[PDB]
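Novice: Contents of run38.json (JSON, C-alpha atoms and all ligand atoms):
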[["chain", "number", "residue", "atom", "x", "y", "z"],
["A", 1, "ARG", "CA", 65.07, -105.95, -37.27],
["A", 2, "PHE", "CA", 64.83, -102.59, -39.06],
["A", 3, "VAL", "CA", 63.62, -100.69, -36.01],
["A", 4, "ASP", "CA", 66.42, -101.87, -33.69],
["A", 5, "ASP", "CA", 68.99, -99.62, -35.41],
["A", 6, "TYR", "CA", 66.86, -97.00, -37.18],
["A", 7, "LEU", "CA", 68.15, -93.61, -35.99],
["A", 8, "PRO", "CA", 64.82, -91.71, -35.84],
["A", 9, "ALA", "CA", 63.27, -94.51, -33.79],
["A", 10, "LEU", "CA", 66.27, -94.56, -31.43],
["A", 11, "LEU", "CA", 66.22, -90.79, -30.94],
["A", 12, "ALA", "CA", 62.48, -90.72, -30.30],
["A", 13, "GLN", "CA", 62.54, -93.56, -27.77],
["A", 14, "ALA", "CA", 65.55, -92.23, -25.86],
["A", 15, "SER", "CA", 64.01, -88.76, -25.82],
["A", 16, "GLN", "CA", 60.61, -89.94, -24.58],
["A", 17, "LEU", "CA", 62.02, -92.15, -21.83],
["A", 18, "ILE", "CA", 64.44, -89.61, -20.38],
["A", 19, "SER", "CA", 61.98, -86.72, -20.66],
["A", 20, "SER", "CA", 59.16, -88.69, -19.04],
["A", 21, "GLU", "CA", 61.36, -89.20, -15.97],
["A", 22, "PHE", "CA", 61.90, -85.47, -15.56],
["A", 23, "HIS", "CA", 58.29, -84.58, -16.37],
["A", 24, "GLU", "CA", 57.19, -86.45, -13.23],
["A", 25, "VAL", "CA", 59.42, -84.11, -11.20],
["A", 26, "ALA", "CA", 58.09, -81.05, -13.02],
["A", 27, "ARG", "CA", 54.48, -82.00, -12.26],
["A", 28, "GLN", "CA", 55.26, -82.71, -8.61],
["A", 29, "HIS", "CA", 56.54, -79.12, -8.53],
["A", 30, "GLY", "CA", 53.30, -77.81, -10.06],
["A", 31, "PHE", "CA", 54.48, -77.38, -13.68],
["A", 32, "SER", "CA", 52.97, -78.76, -16.84],
["A", 33, "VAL", "CA", 55.34, -80.03, -19.51],
["A", 34, "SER", "CA", 54.68, -77.02, -21.76],
["A", 35, "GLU", "CA", 55.17, -74.46, -18.98],
["A", 36, "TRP", "CA", 58.42, -76.15, -17.99],
["A", 37, "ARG", "CA", 59.69, -76.14, -21.59],
["A", 38, "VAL", "CA", 58.83, -72.47, -22.08],
["A", 39, "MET", "CA", 60.33, -71.23, -18.84],
["A", 40, "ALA", "CA", 63.44, -73.42, -19.12],
["A", 41, "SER", "CA", 63.95, -72.28, -22.73],
["A", 42, "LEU", "CA", 63.67, -68.60, -21.83],
["A", 43, "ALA", "CA", 65.70, -68.69, -18.61],
["A", 44, "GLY", "CA", 68.95, -66.81, -19.08],
["A", 45, "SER", "CA", 68.00, -65.88, -22.64],
["A", 46, "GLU", "CA", 67.67, -62.65, -24.54],
["A", 47, "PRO", "CA", 64.13, -62.29, -25.93],
["A", 48, "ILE", "CA", 63.47, -64.69, -28.80],
["A", 49, "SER", "CA", 60.81, -64.87, -31.48],
["A", 50, "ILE", "CA", 57.65, -66.95, -31.10],
["A", 51, "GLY", "CA", 58.88, -69.14, -33.96],
["A", 52, "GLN", "CA", 62.21, -69.78, -32.26],
["A", 53, "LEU", "CA", 60.40, -70.61, -29.02],
["A", 54, "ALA", "CA", 58.12, -73.05, -30.85],
["A", 55, "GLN", "CA", 61.13, -74.81, -32.38],
["A", 56, "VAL", "CA", 63.18, -75.09, -29.18],
["A", 57, "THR", "CA", 60.14, -76.23, -27.13],
["A", 58, "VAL", "CA", 59.12, -78.66, -29.90],
["A", 59, "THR", "CA", 55.59, -77.23, -29.74],
["A", 60, "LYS", "CA", 53.36, -76.12, -32.62],
["A", 61, "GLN", "CA", 53.27, -72.35, -32.97],
["A", 62, "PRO", "CA", 49.46, -71.99, -32.47],
["A", 63, "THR", "CA", 49.80, -74.06, -29.29],
["A", 64, "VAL", "CA", 52.66, -71.81, -28.14],
["A", 65, "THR", "CA", 50.55, -68.70, -28.74],
["A", 66, "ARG", "CA", 47.71, -70.04, -26.57],
["A", 67, "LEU", "CA", 50.23, -71.06, -23.91],
["A", 68, "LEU", "CA", 51.80, -67.60, -23.91],
["A", 69, "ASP", "CA", 48.36, -66.01, -23.54],
["A", 70, "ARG", "CA", 47.89, -67.75, -20.21],
["A", 71, "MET", "CA", 51.53, -67.56, -19.04],
["A", 72, "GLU", "CA", 51.55, -63.82, -19.75],
["A", 73, "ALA", "CA", 48.29, -63.47, -17.82],
["A", 74, "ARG", "CA", 50.10, -65.13, -14.89],
["A", 75, "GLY", "CA", 53.03, -62.74, -15.25],
["A", 76, "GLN", "CA", 55.57, -65.48, -15.99],
["A", 77, "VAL", "CA", 56.53, -64.29, -19.50],
["A", 78, "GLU", "CA", 56.13, -61.14, -21.56],
["A", 79, "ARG", "CA", 55.65, -60.63, -25.29],
["A", 80, "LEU", "CA", 57.40, -57.61, -26.83],
["A", 81, "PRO", "CA", 57.28, -56.09, -30.34],
["A", 82, "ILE", "CA", 57.83, -60.50, -35.40],
["A", 83, "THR", "CA", 56.88, -60.85, -31.74],
["A", 84, "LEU", "CA", 59.62, -61.54, -29.18],
["A", 85, "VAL", "CA", 59.10, -63.25, -25.82],
["A", 86, "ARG", "CA", 61.07, -63.21, -22.56],
["A", 87, "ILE", "CA", 60.80, -64.75, -19.11],
["A", 88, "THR", "CA", 59.98, -62.33, -16.28],
["A", 89, "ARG", "CA", 61.62, -62.27, -12.86],
["A", 90, "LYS", "CA", 58.51, -64.00, -11.50],
["A", 91, "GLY", "CA", 58.89, -66.82, -14.06],
["A", 92, "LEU", "CA", 62.62, -67.17, -13.36],
["A", 93, "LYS", "CA", 62.10, -67.43, -9.62],
["A", 94, "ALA", "CA", 59.30, -69.94, -10.24],
["A", 95, "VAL", "CA", 61.49, -72.24, -12.35],
["A", 96, "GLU", "CA", 64.98, -71.83, -10.79],
["A", 97, "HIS", "CA", 64.83, -74.75, -8.36],
["A", 98, "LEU", "CA", 63.29, -77.05, -10.97],
["A", 99, "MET", "CA", 66.20, -76.16, -13.26],
["A", 100, "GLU", "CA", 68.61, -77.30, -10.54],
["A", 101, "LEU", "CA", 66.71, -80.59, -10.27],
["A", 102, "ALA", "CA", 66.82, -80.92, -14.07],
["A", 103, "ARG", "CA", 70.60, -80.54, -14.04],
["A", 104, "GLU", "CA", 70.89, -83.18, -11.30],
["A", 105, "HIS", "CA", 68.67, -85.60, -13.25],
["A", 106, "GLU", "CA", 70.69, -84.99, -16.42],
["A", 107, "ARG", "CA", 73.92, -85.66, -14.53],
["A", 108, "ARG", "CA", 72.49, -88.98, -13.34],
["A", 109, "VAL", "CA", 71.41, -89.91, -16.89],
["A", 110, "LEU", "CA", 74.86, -89.13, -18.28],
["A", 111, "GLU", "CA", 77.02, -90.50, -15.45],
["A", 112, "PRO", "CA", 77.21, -94.14, -16.73],
["A", 113, "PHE", "CA", 78.53, -92.87, -20.07],
["A", 114, "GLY", "CA", 81.38, -90.72, -18.81],
["A", 115, "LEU", "CA", 82.33, -87.19, -19.74],
["A", 116, "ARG", "CA", 83.80, -88.04, -23.15],
["A", 117, "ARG", "CA", 80.76, -89.93, -24.43],
["A", 118, "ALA", "CA", 78.37, -87.40, -22.87],
["A", 119, "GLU", "CA", 80.07, -84.47, -24.59],
["A", 120, "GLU", "CA", 80.22, -86.36, -27.90],
["A", 121, "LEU", "CA", 76.49, -87.04, -27.69],
["A", 122, "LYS", "CA", 75.64, -83.41, -26.91],
["A", 123, "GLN", "CA", 77.92, -82.14, -29.68],
["A", 124, "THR", "CA", 76.42, -84.51, -32.25],
["A", 125, "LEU", "CA", 72.86, -83.55, -31.24],
["A", 126, "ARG", "CA", 73.63, -79.83, -31.44],
["A", 127, "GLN", "CA", 75.22, -80.24, -34.86],
["A", 128, "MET", "CA", 72.20, -82.22, -36.09],
["A", 129, "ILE", "CA", 69.78, -79.56, -34.83],
["A", 130, "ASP", "CA", 71.74, -76.78, -36.50],
["A", 131, "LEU", "CA", 71.84, -78.72, -39.77],
["A", 132, "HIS", "CA", 68.11, -79.54, -39.78],
["A", 133, "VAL", "CA", 66.41, -76.46, -38.31],
["A", 134, "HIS", "CA", 64.46, -74.28, -40.75],
["B", 1, "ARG", "CA", 71.72, -70.51, -21.62],
["B", 2, "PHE", "CA", 70.39, -73.58, -19.80],
["B", 3, "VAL", "CA", 68.49, -74.93, -22.79],
["B", 4, "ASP", "CA", 71.43, -74.78, -25.22],
["B", 5, "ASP", "CA", 73.12, -77.79, -23.58],
["B", 6, "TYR", "CA", 70.27, -79.52, -21.71],
["B", 7, "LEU", "CA", 70.27, -83.14, -22.93],
["B", 8, "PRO", "CA", 66.49, -83.76, -22.95],
["B", 9, "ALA", "CA", 65.93, -80.59, -24.96],
["B", 10, "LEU", "CA", 68.67, -81.57, -27.42],
["B", 11, "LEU", "CA", 67.30, -85.08, -27.88],
["B", 12, "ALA", "CA", 63.75, -83.84, -28.39],
["B", 13, "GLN", "CA", 64.71, -81.18, -30.95],
["B", 14, "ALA", "CA", 66.99, -83.47, -32.95],
["B", 15, "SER", "CA", 64.35, -86.18, -32.92],
["B", 16, "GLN", "CA", 61.52, -83.89, -34.03],
["B", 17, "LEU", "CA", 63.51, -82.28, -36.85],
["B", 18, "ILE", "CA", 64.85, -85.51, -38.37],
["B", 19, "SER", "CA", 61.55, -87.36, -37.98],
["B", 20, "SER", "CA", 59.54, -84.52, -39.51],
["B", 21, "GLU", "CA", 61.66, -84.79, -42.66],
["B", 22, "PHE", "CA", 60.86, -88.47, -43.07],
["B", 23, "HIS", "CA", 57.19, -88.06, -42.12],
["B", 24, "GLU", "CA", 56.71, -85.90, -45.24],
["B", 25, "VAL", "CA", 57.91, -88.85, -47.33],
["B", 26, "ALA", "CA", 55.66, -91.28, -45.45],
["B", 27, "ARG", "CA", 52.59, -89.12, -46.08],
["B", 28, "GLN", "CA", 53.43, -88.70, -49.76],
["B", 29, "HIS", "CA", 53.38, -92.52, -49.86],
["B", 30, "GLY", "CA", 49.94, -92.63, -48.22],
["B", 31, "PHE", "CA", 51.03, -93.46, -44.63],
["B", 32, "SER", "CA", 50.20, -91.66, -41.43],
["B", 33, "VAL", "CA", 52.96, -91.32, -38.85],
["B", 34, "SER", "CA", 51.38, -93.93, -36.57],
["B", 35, "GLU", "CA", 50.85, -96.48, -39.35],
["B", 36, "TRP", "CA", 54.44, -96.01, -40.46],
["B", 37, "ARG", "CA", 55.76, -96.49, -36.91],
["B", 38, "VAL", "CA", 53.69, -99.64, -36.36],
["B", 39, "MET", "CA", 54.55, -101.30, -39.65],
["B", 40, "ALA", "CA", 58.24, -100.32, -39.49],
["B", 41, "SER", "CA", 58.44, -101.59, -35.90],
["B", 42, "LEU", "CA", 56.87, -104.95, -36.76],
["B", 43, "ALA", "CA", 58.70, -105.55, -40.05],
["B", 44, "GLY", "CA", 61.10, -108.44, -39.68],
["B", 45, "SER", "CA", 60.01, -109.00, -36.08],
["B", 46, "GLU", "CA", 58.65, -111.93, -34.16],
["B", 47, "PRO", "CA", 55.25, -111.05, -32.64],
["B", 48, "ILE", "CA", 55.57, -108.58, -29.76],
["B", 49, "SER", "CA", 53.24, -107.50, -26.99],
["B", 50, "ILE", "CA", 50.99, -104.46, -27.27],
["B", 51, "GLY", "CA", 53.00, -102.85, -24.47],
["B", 52, "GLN", "CA", 56.29, -103.40, -26.29],
["B", 53, "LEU", "CA", 54.76, -101.97, -29.47],
["B", 54, "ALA", "CA", 53.54, -98.90, -27.58],
["B", 55, "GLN", "CA", 57.02, -98.30, -26.17],
["B", 56, "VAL", "CA", 58.93, -98.73, -29.44],
["B", 57, "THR", "CA", 56.41, -96.59, -31.39],
["B", 58, "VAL", "CA", 56.39, -93.98, -28.60],
["B", 59, "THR", "CA", 52.58, -94.09, -28.63],
["B", 60, "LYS", "CA", 50.21, -94.37, -25.66],
["B", 61, "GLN", "CA", 48.82, -97.88, -25.28],
["B", 62, "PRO", "CA", 45.11, -96.89, -25.65],
["B", 63, "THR", "CA", 46.04, -95.05, -28.84],
["B", 64, "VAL", "CA", 47.90, -98.14, -30.08],
["B", 65, "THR", "CA", 44.86, -100.34, -29.39],
["B", 66, "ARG", "CA", 42.59, -98.08, -31.46],
["B", 67, "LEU", "CA", 45.21, -97.98, -34.22],
["B", 68, "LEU", "CA", 45.48, -101.76, -34.26],
["B", 69, "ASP", "CA", 41.69, -102.06, -34.49],
["B", 70, "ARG", "CA", 41.74, -100.25, -37.82],
["B", 71, "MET", "CA", 45.04, -101.68, -39.11],
["B", 72, "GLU", "CA", 43.78, -105.20, -38.38],
["B", 73, "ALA", "CA", 40.54, -104.38, -40.19],
["B", 74, "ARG", "CA", 42.71, -103.43, -43.19],
["B", 75, "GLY", "CA", 44.63, -106.70, -42.92],
["B", 76, "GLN", "CA", 48.00, -105.02, -42.29],
["B", 77, "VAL", "CA", 48.61, -106.48, -38.81],
["B", 78, "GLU", "CA", 47.21, -109.31, -36.71],
["B", 79, "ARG", "CA", 46.71, -109.65, -32.97],
["B", 80, "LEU", "CA", 47.35, -113.10, -31.48],
["B", 81, "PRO", "CA", 46.84, -114.50, -27.95],
["B", 82, "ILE", "CA", 49.07, -110.59, -22.94],
["B", 83, "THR", "CA", 48.17, -109.91, -26.57],
["B", 84, "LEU", "CA", 50.89, -110.20, -29.23],
["B", 85, "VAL", "CA", 50.88, -108.40, -32.58],
["B", 86, "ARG", "CA", 52.59, -109.09, -35.90],
["B", 87, "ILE", "CA", 52.75, -107.53, -39.35],
["B", 88, "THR", "CA", 51.05, -109.50, -42.13],
["B", 89, "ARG", "CA", 52.44, -110.11, -45.61],
["B", 90, "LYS", "CA", 50.07, -107.40, -46.87],
["B", 91, "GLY", "CA", 51.50, -104.90, -44.35],
["B", 92, "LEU", "CA", 55.09, -105.86, -45.17],
["B", 93, "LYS", "CA", 54.56, -105.42, -48.90],
["B", 94, "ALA", "CA", 52.83, -102.10, -48.20],
["B", 95, "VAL", "CA", 55.76, -100.72, -46.18],
["B", 96, "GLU", "CA", 58.84, -102.30, -47.86],
["B", 97, "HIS", "CA", 59.62, -99.50, -50.30],
["B", 98, "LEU", "CA", 59.07, -96.82, -47.66],
["B", 99, "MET", "CA", 61.57, -98.68, -45.46],
["B", 100, "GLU", "CA", 64.13, -98.43, -48.27],
["B", 101, "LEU", "CA", 63.48, -94.69, -48.50],
["B", 102, "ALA", "CA", 63.83, -94.44, -44.70],
["B", 103, "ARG", "CA", 67.24, -96.10, -44.87],
["B", 104, "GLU", "CA", 68.33, -93.72, -47.63],
["B", 105, "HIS", "CA", 67.17, -90.69, -45.62],
["B", 106, "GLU", "CA", 68.96, -91.98, -42.52],
["B", 107, "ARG", "CA", 72.15, -92.46, -44.53],
["B", 108, "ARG", "CA", 71.92, -88.84, -45.68],
["B", 109, "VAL", "CA", 71.36, -87.62, -42.11],
["B", 110, "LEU", "CA", 74.37, -89.56, -40.83],
["B", 111, "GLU", "CA", 76.77, -89.01, -43.75],
["B", 112, "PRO", "CA", 78.26, -85.67, -42.50],
["B", 113, "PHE", "CA", 79.17, -87.34, -39.20],
["B", 114, "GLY", "CA", 81.05, -90.34, -40.55],
["B", 115, "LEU", "CA", 80.75, -93.99, -39.62],
["B", 116, "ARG", "CA", 82.54, -93.72, -36.27],
["B", 117, "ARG", "CA", 80.40, -90.90, -34.90],
["B", 118, "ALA", "CA", 77.22, -92.43, -36.36],
["B", 119, "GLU", "CA", 77.85, -95.78, -34.69],
["B", 120, "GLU", "CA", 78.77, -94.09, -31.40],
["B", 121, "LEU", "CA", 75.50, -92.15, -31.48],
["B", 122, "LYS", "CA", 73.42, -95.25, -32.20],
["B", 123, "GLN", "CA", 75.22, -97.25, -29.50],
["B", 124, "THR", "CA", 74.72, -94.52, -26.90],
["B", 125, "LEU", "CA", 71.02, -94.18, -27.78],
["B", 126, "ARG", "CA", 70.45, -97.94, -27.58],
["B", 127, "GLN", "CA", 72.20, -98.13, -24.22],
["B", 128, "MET", "CA", 70.11, -95.23, -22.90],
["B", 129, "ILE", "CA", 66.87, -96.88, -24.05],
["B", 130, "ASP", "CA", 67.80, -100.17, -22.44],
["B", 131, "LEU", "CA", 68.68, -98.41, -19.18],
["B", 132, "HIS", "CA", 65.47, -96.35, -19.05],
["B", 133, "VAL", "CA", 62.76, -98.63, -20.44],
["B", 134, "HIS", "CA", 60.27, -100.01, -17.92],
["A", 201, "LIG", "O1", 60.36, -81.88, -22.25],
["A", 201, "LIG", "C1", 61.50, -82.34, -22.51],
["A", 201, "LIG", "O2", 62.14, -82.99, -21.66],
["A", 201, "LIG", "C2", 62.08, -82.10, -23.88],
["A", 201, "LIG", "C3", 62.24, -80.63, -24.27],
["A", 201, "LIG", "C4", 62.06, -80.13, -25.54],
["A", 201, "LIG", "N1", 62.33, -78.82, -25.54],
["A", 201, "LIG", "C5", 62.67, -78.44, -24.30],
["A", 201, "LIG", "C6", 63.02, -77.18, -23.81],
["A", 201, "LIG", "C7", 63.35, -77.03, -22.48],
["A", 201, "LIG", "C8", 63.31, -78.13, -21.61],
["A", 201, "LIG", "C9", 62.96, -79.39, -22.08],
["A", 201, "LIG", "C10", 62.63, -79.54, -23.45],
["A", 202, "LIG", "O1", 58.41, -91.34, -36.30],
["A", 202, "LIG", "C1", 59.64, -91.31, -36.10],
["A", 202, "LIG", "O2", 60.44, -90.92, -36.97],
["A", 202, "LIG", "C2", 60.15, -91.75, -34.74],
["A", 202, "LIG", "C3", 59.81, -93.18, -34.35],
["A", 202, "LIG", "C4", 59.50, -93.59, -33.07],
["A", 202, "LIG", "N1", 59.30, -94.92, -33.07],
["A", 202, "LIG", "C5", 59.45, -95.39, -34.32],
["A", 202, "LIG", "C6", 59.32, -96.69, -34.81],
["A", 202, "LIG", "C7", 59.53, -96.93, -36.16],
["A", 202, "LIG", "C8", 59.84, -95.88, -37.03],
["A", 202, "LIG", "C9", 59.97, -94.58, -36.55],
["A", 202, "LIG", "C10", 59.76, -94.33, -35.18]]
Once more with this new file: its structure as C-alpha cells, please.

Specialist:
Amino acid sequence: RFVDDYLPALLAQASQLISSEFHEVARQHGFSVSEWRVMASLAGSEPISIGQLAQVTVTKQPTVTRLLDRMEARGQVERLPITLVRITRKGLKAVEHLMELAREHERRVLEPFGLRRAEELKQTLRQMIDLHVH
Amino acid sequence: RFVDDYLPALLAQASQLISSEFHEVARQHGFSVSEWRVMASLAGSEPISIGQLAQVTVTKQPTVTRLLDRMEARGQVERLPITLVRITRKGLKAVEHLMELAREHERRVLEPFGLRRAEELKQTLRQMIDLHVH
C-alpha cells in the first residue's frame, strides 16, 4: 500500500499521536494547545519575530496574532518593536512544571528506541526543518 | 532552548513543512488536502473502517464522515457494511498521477539523507505509530 511507507503520512501520524498524548496533560494543567506551544517555544529564548513564532508553533500567523493579543493581556508574553515577542516571568513560571512533564513524556516515548536511534531521529528532523523552512 | 530539541515540536514542524510542499502540487491538480489524504490512503488497500481511515488521514472522524458523504456522491469512494470504505476505480484513476508526483517529491526530500538514514527514519516512524495508535 502506498500510504504504509509514504514519508509525509508517517510523519503526520507519528506527530499527531505523540502530541495528542501530551496535549491531554497540558489541558489537565489548564493550558490550551496553542498557549502551550507559544510558551514552550519562547521559554529560554531571546525574543523572536511573529513569523518565526508562527513557524515553530506550526500556527498560521493571523491566528498567532490573535493568540498573542490575549496572552499579552494576561501578562504571559510581551510584544516588542518586524515585531518581536518574548515570554514574561509570569509566563515562564506558569509553564515551567508542564515543561518538566513534557520532558518526562518525551523520555518515555524515546526510551524503547535507545539513545542512538533517538538522537538520529532528532538530528534528521532538525536537518529536514532547516532545509525546508522559508 | 527547550523547543530546539523537543521531539513533538520537531515532528510537527518537519511534517508541516514537507506536507505543505506537496499540498501545493495536490491543489494545482484539483485536489483538496483531505481528498488527497483519503484517496492516497485507500489506493491499493482492502476496505478499511471509518475509524482506521480517520487515524491514517489524521482527520477527526465526524469530518471524515462528511468528507465521505461528498466523495461517495462523486463516485470516488464507496462505503460498505462498523462501516468499511474503499476507493473506486474512478477515484484510483483520479489520484494515480498525483501519487507518482508524491513519490517523486518524497524521493527529493529523502535524497540528501541517503538510503540508510531514510529507511531508519521510516522504520522509527512506523514503530512509533504502531506503539501509539489506539
Ligand atoms: O503541540 C505539539 O505537541 C507539537 C508542537 C509544534 N510546535 C510546538 C512548539 C512547542 C511545543 C510543542 C509543539
Ligand atoms: O497531508 C499530508 O502530507 C500528511 C498525511 C497524513 N495522512 C496522510 C495520508 C495520505 C497522504 C498524506 C497524508

Novice: What's around residue 19 in chain B at 9 Å? Count all atoms listed in the file, leave out sequence neighbours fewer than 4 positions away in its own chain, and write the answer as a PyMOL selection string.

Specialist: (chain A and resi 8-9+12) or (chain B and resi 14-15+23-24)

Novice: Output the selection as a compact mmCIF listing (two decimals), in the coordinates of the input - C-alpha atoms for each residue.

Specialist:
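Contents of selection-v8.txt, as written:
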# COMPACT_ATOMS: atom_id res chain seq x y z
CA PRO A 8 64.82 -91.71 -35.84
CA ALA A 9 63.27 -94.51 -33.79
CA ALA A 12 62.48 -90.72 -30.30
CA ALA B 14 66.99 -83.47 -32.95
CA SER B 15 64.35 -86.18 -32.92
CA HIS B 23 57.19 -88.06 -42.12
CA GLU B 24 56.71 -85.90 -45.24

Novice: Just want the residues within 10 Å of ligand LIG 202 (chain A), written as number ranges by chain, counting all atoms listed in the file.

Specialist: A: 2-16; B: 15-23, 26, 32-43, 53-59, 99, 102

Novice: Selected residues, C-alpha atoms, written as a compact mmCIF listing (two decimals), in the coordinates of the input, please.

Specialist:
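Result file is out_15.txt:
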# COMPACT_ATOMS: atom_id res chain seq x y z
CA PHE A 2 64.83 -102.59 -39.06
CA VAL A 3 63.62 -100.69 -36.01
CA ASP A 4 66.42 -101.87 -33.69
CA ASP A 5 68.99 -99.62 -35.41
CA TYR A 6 66.86 -97.00 -37.18
CA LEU A 7 68.15 -93.61 -35.99
CA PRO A 8 64.82 -91.71 -35.84
CA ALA A 9 63.27 -94.51 -33.79
CA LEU A 10 66.27 -94.56 -31.43
CA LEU A 11 66.22 -90.79 -30.94
CA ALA A 12 62.48 -90.72 -30.30
CA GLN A 13 62.54 -93.56 -27.77
CA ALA A 14 65.55 -92.23 -25.86
CA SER A 15 64.01 -88.76 -25.82
CA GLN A 16 60.61 -89.94 -24.58
CA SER B 15 64.35 -86.18 -32.92
CA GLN B 16 61.52 -83.89 -34.03
CA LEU B 17 63.51 -82.28 -36.85
CA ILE B 18 64.85 -85.51 -38.37
CA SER B 19 61.55 -87.36 -37.98
CA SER B 20 59.54 -84.52 -39.51
CA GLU B 21 61.66 -84.79 -42.66
CA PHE B 22 60.86 -88.47 -43.07
CA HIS B 23 57.19 -88.06 -42.12
CA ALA B 26 55.66 -91.28 -45.45
CA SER B 32 50.20 -91.66 -41.43
CA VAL B 33 52.96 -91.32 -38.85
CA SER B 34 51.38 -93.93 -36.57
CA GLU B 35 50.85 -96.48 -39.35
CA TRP B 36 54.44 -96.01 -40.46
CA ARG B 37 55.76 -96.49 -36.91
CA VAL B 38 53.69 -99.64 -36.36
CA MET B 39 54.55 -101.30 -39.65
CA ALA B 40 58.24 -100.32 -39.49
CA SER B 41 58.44 -101.59 -35.90
CA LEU B 42 56.87 -104.95 -36.76
CA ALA B 43 58.70 -105.55 -40.05
CA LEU B 53 54.76 -101.97 -29.47
CA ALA B 54 53.54 -98.90 -27.58
CA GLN B 55 57.02 -98.30 -26.17
CA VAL B 56 58.93 -98.73 -29.44
CA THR B 57 56.41 -96.59 -31.39
CA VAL B 58 56.39 -93.98 -28.60
CA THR B 59 52.58 -94.09 -28.63
CA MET B 99 61.57 -98.68 -45.46
CA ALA B 102 63.83 -94.44 -44.70

Novice: Between CA of residue 31 in chain A and CA of residue 132 in chain B, measure the distance and give it in Å to one decimal.

Specialist: 22.6 Å

Novice: Nearest residue to chain A out of B:91, B:44, B:81, B:51, using all atoms listed in the file?

Specialist: B:44

Novice: Please indicate the distance in Å from CA of residue 106 in chain B to CA of residue 122 in chain A, rounded to one decimal place.

Specialist: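 That distance, rounded to one decimal, is 19.0 Å.
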
Novice: Can you tell me how far CA of residue 46 in chain B sits from CA of residue 86 in chain B, in Å to one decimal?

Specialist: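 A separation of 6.9 Å between them.
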
Novice: Identify which of the residues A:1, A:134, A:97, A:70 lies closest to residue 47 in chain B, counting only C-alpha atoms when measuring atom-to-atom distances.

Specialist: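 Once distances to residue 47 in chain B are computed over only C-alpha atoms, the minimum belongs to A:1.
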
Novice: Find the residues around residue 118 in chain A up to 12 Å (only C-alpha atoms counted), leave out those fewer than 3 positions away in its own chain, and share them as a PDB file with C-alpha atoms, in the frame of the given file.

Specialist:
ATOM      1  CA  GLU A 106      70.690 -84.990 -16.420  1.00  0.00           C
ATOM      2  CA  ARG A 107      73.920 -85.660 -14.530  1.00  0.00           C
ATOM      3  CA  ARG A 108      72.490 -88.980 -13.340  1.00  0.00           C
ATOM      4  CA  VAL A 109      71.410 -89.910 -16.890  1.00  0.00           C
ATOM      5  CA  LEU A 110      74.860 -89.130 -18.280  1.00  0.00           C
ATOM      6  CA  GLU A 111      77.020 -90.500 -15.450  1.00  0.00           C
ATOM      7  CA  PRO A 112      77.210 -94.140 -16.730  1.00  0.00           C
ATOM      8  CA  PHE A 113      78.530 -92.870 -20.070  1.00  0.00           C
ATOM      9  CA  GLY A 114      81.380 -90.720 -18.810  1.00  0.00           C
ATOM     10  CA  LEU A 115      82.330 -87.190 -19.740  1.00  0.00           C
ATOM     11  CA  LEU A 121      76.490 -87.040 -27.690  1.00  0.00           C
ATOM     12  CA  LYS A 122      75.640 -83.410 -26.910  1.00  0.00           C
ATOM     13  CA  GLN A 123      77.920 -82.140 -29.680  1.00  0.00           C
ATOM     14  CA  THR A 124      76.420 -84.510 -32.250  1.00  0.00           C
ATOM     15  CA  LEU A 125      72.860 -83.550 -31.240  1.00  0.00           C
TER      16      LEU A 125
ATOM     17  CA  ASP B   5      73.120 -77.790 -23.580  1.00  0.00           C
ATOM     18  CA  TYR B   6      70.270 -79.520 -21.710  1.00  0.00           C
ATOM     19  CA  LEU B   7      70.270 -83.140 -22.930  1.00  0.00           C
ATOM     20  CA  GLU B 120      78.770 -94.090 -31.400  1.00  0.00           C
ATOM     21  CA  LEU B 121      75.500 -92.150 -31.480  1.00  0.00           C
ATOM     22  CA  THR B 124      74.720 -94.520 -26.900  1.00  0.00           C
ATOM     23  CA  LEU B 125      71.020 -94.180 -27.780  1.00  0.00           C
ATOM     24  CA  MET B 128      70.110 -95.230 -22.900  1.00  0.00           C
TER      25      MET B 128
END

Novice: Using all atoms listed in the file, which residue out of A:60, A:74, A:29, A:93 lies closest to chain B?

Specialist: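 The shortest atom-to-atom distance to chain B comes from A:60.
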
Novice: With all atoms listed in the file as the basis for distance, which of A:67, A:25, A:84, A:77 is at the shortest distance from ligand LIG 201 (chain A)?

Specialist: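 Among the listed residues, the smallest separation from ligand LIG 201 (chain A) belongs to A:25.
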
Novice: Identify which of the residues A:88, A:66, A:52, A:73 lies closest to ligand LIG 201 (chain A), counting only C-alpha atoms and all ligand atoms when measuring atom-to-atom distances.

Specialist: A:52

Novice: With distances taken over all atoms listed in the file, which residue among B:61, B:127, B:83, B:28 lies nearest chain A?

Specialist: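 Checking each candidate against chain A, we get B:127 as the closest.
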
Novice: Step by step, gather every atom of ligand LIG 201 (chain A) that the file lists, find the box along x, y and z that holds them, add 3 Å on each side, and finally give centre and edge lengths in Å to one decimal, as JSON.

Specialist:
{"center_x": 61.9, "center_y": -80.0, "center_z": -23.6, "size_x": 9.0, "size_y": 12.0, "size_z": 9.9}
